[PDB]
Amino acid sequence: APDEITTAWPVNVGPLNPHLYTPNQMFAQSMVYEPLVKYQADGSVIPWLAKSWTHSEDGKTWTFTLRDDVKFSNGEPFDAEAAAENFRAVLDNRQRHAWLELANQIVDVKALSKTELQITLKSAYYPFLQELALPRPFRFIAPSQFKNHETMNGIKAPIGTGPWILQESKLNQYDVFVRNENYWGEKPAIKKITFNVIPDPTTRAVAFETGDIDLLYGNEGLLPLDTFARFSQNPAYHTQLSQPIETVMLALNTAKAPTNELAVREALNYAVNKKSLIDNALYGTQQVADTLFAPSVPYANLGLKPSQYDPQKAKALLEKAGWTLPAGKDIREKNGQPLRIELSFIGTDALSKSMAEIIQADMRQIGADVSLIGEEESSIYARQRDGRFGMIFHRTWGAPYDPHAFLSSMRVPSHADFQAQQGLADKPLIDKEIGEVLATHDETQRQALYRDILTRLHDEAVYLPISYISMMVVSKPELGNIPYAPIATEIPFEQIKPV
Ligand SMILES: N[C@@H](CN[C@@H](CN[C@@H](CC(=O)O)C(=O)O)C(=O)O)C(=O)O
Ligand code: NI
């Protein structure tokens with residue numbers, strides 16, 4: 001059936017609550033729910049659910065003129081009342097969204113007519129419009145699907161305005177989406193998409209070459225990298241790599257020994273032979289990362305010094321910090337205690353598992369004993385949130401989060417950064433300066449603030465940058481060339497065309 005496609009994903013899409021996080025998958029929230037304004041590859045936004053808008057002299061009050069022709073997928077109208085109700089449900093759970101500064105800025109959301117929605121901020125918050133465009137939390141479920149006039153405690157049906165409708169959800173088996181034939185924009189050419197829930201990356205690969213699935217669209221790590229490289233040589237498949245979009249790095253816990261020592265974290269940054277890891281384990285499909293953000297990230301081309309591969313420097317740094325080698329033993333000890341570190345990652349990620357292996361062996365070469373721990377994604381995120389990790393795999397967030405929303409998130413438990421930074425004496429300063437860089441309209445001062453924040457995080461070796469990864473695609477040749485969505489976690493199913 002040509003206008004239907006089957007694909008695969010490590011987990012289910014989740015309840016598809018538009019205002020909550022994992023277990024909801026962002027690509028799926030974005031299929032069903034839509035923003036007021038839509039993010040573009042060039043960095044701007046365009047009208048979406050909001051046809052047009054104005055704002056006050058001081059920039060604190062924004063009036064949005066909504067379209068009069070949008071319906072939720074069950075036929076109910078999307079209007080200013082519905083959007084206000086959504087914003088109210090979101091901000092009734094405001095603390096959950098404190099990582100994103102817009103959630104701290106919205107004082108009031110008023111419906112003025114059926115088509116006029118007024119949003120009031122406590123300052124002229126320049127990233128306003130980009131954060132409204134994100135996959136979550138500021139997208140719209142029909143108010144009829146609230147539970148007790150809230151969404152923070154669950155939803156009835158995942159009824160959005162978008163071009164896809166969640167039709168069926170079988171746990172640990174599949175999810176099914178059908179086209180919304182009453183979508184207000186372009187009717188997608190695909191009629192139905194089935195997601196098979198396949199957590200093992202080898203089984204996803206086999207699912208593809210048996211022909212059981214048509215497409216794989218995800219981060220590097222959705223397939224074994226050696227399989228993907230062979231797929232790319234096979235004229236019977238089609239494959240793609242986008243330009244790099246995210247950093248993959250380890251967060252090092254400056255709060256827990258032994259990673260709370262600067263000398264230890266610097267040694268670990270010298271320990272990994274990244275050029276070999278990339279050229280070998282990852283098949284040249286990435287680039288060596290020396291900093292938390294790539295030089296191409298806005299405000300991030302700071303000329304920071306890289307830590308290149310230097311086992312001998314690493315050993316010297318450990319010696320001088322009192323981690324020495326007993327006689328006839330490979331693992332350093334200090335004051336009776338061997339140098340042991342725990343390295344946790346999401347088990348279903350082929351890239352994380354594969355890098356964890358190389359990293360472990362590289363760090364043993366300098367006398368550090370690293371234990372690998374692979375777990376379900378919910379357990380890894382909870383670890384990042386509460387500080388229970390030694391070294392934990394991490395990644396930045398792509399456009400448009402990088403750098404401003406990623407930094408904003410460092411100020412509360414979010415991903416691993418807040419907890420990983422608790423050991424830094426200048427952590428409060430960094431957080432103060434993150435708040436300033438999000439508030440300033442002075443271009444010169446905005447660059448100064450980014451440089452200082454990013455140079456402090458670099459100099460104190462909070463991260464072990466590994467590589468800058470790309471989006472990866474595998475598809476039947478019939479689907480032709482697949483486009484990329486400007487937001488890294490979204491999948492542009494509505495632009496795919498059958499033969
Ligand atoms: N992802 C974890 C924690 N999520 C963070 C916020 N991160 C953003 C961006 C991203 O993850 O690409 C988001 O998730 O929408 C928070 O809750 O502060 C979860 O689902 O809980
Ligand atoms: Ni997140």
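Keep in mind that the numbers below use all heavy atoms, side chains included, and drop hydrogens, waters and symmetry copies. Starting from 1, each residue takes its place in the sequence as its number. In each ligand, atom 1 is the first atom listed, and ligand 1 is the first ligand listed.
If you look at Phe177 and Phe493, their ring centroids are not closer than 6.0 Å. Ring centroid separation for the pair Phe208 and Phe231 comes in under the 6.0 Å cut-off. A centroid separation of 6.0 Å or more is found between the aromatic rings of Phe406 and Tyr401. If you look at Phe87 and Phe138, their ring centroids are closer than 6.0 Å.
With hydrogens left out, the protein atom closest to atom 8 (C) of ligand 1 is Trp99 CH2, 4.0 Å, a heavy atom. Of the protein's heavy atoms, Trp397 CD1, 3.8 Å lies nearest to atom 12 (O) of ligand 1. Closest to atom 18 (O) of ligand 1 among all protein heavy atoms lies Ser414 OG, 2.8 Å. Nearest to atom 15 (O) of ligand 1 among the protein's heavy atoms is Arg136 NE, 2.9 Å. Here the heavy atom of the protein found nearest to atom 7 (N) of ligand 1 is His415 NE2, 3.0 Å. Of all protein heavy atoms, the one lying nearest to atom 20 (O) of ligand 1 is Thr22 N, 2.7 Å. Scanning the protein heavy atoms around atom 17 (O) of ligand 1, the nearest turns out to be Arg96 NH1, 2.7 Å.
Remark: ligand 1 and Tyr401 share no N or O pair separated by less than 3.5 Å (distance only, no angle test).
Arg136 contributes no side-chain N or O that, together with a main-chain N or O of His19, makes up a donor-acceptor pair within less than 3.5 Å. Within the 3.5 Å criterion, the main-chain N or O of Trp9 finds no donor-acceptor partner in the side chain of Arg204.
Ligand 1 does not have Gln384 within reach: every non-hydrogen atom of the residue lies 4.0 Å or more from it.
Taking a cut-off of under 4.0 Å to the non-hydrogen atoms of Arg385, the atoms of ligand 1 that pass are 16 (C), 17 (O), 18 (O). For ligand 1, the atoms closer than 4.0 angstrom to any heavy atom of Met26 are 12 (O), 15 (O).
Side chains of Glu34 and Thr161: a donor on one and an acceptor on the other come within 3.5 Å.
Ring pair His394/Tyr463 is tilted by interplanar angle, where 30° to 60° counts as tilted.
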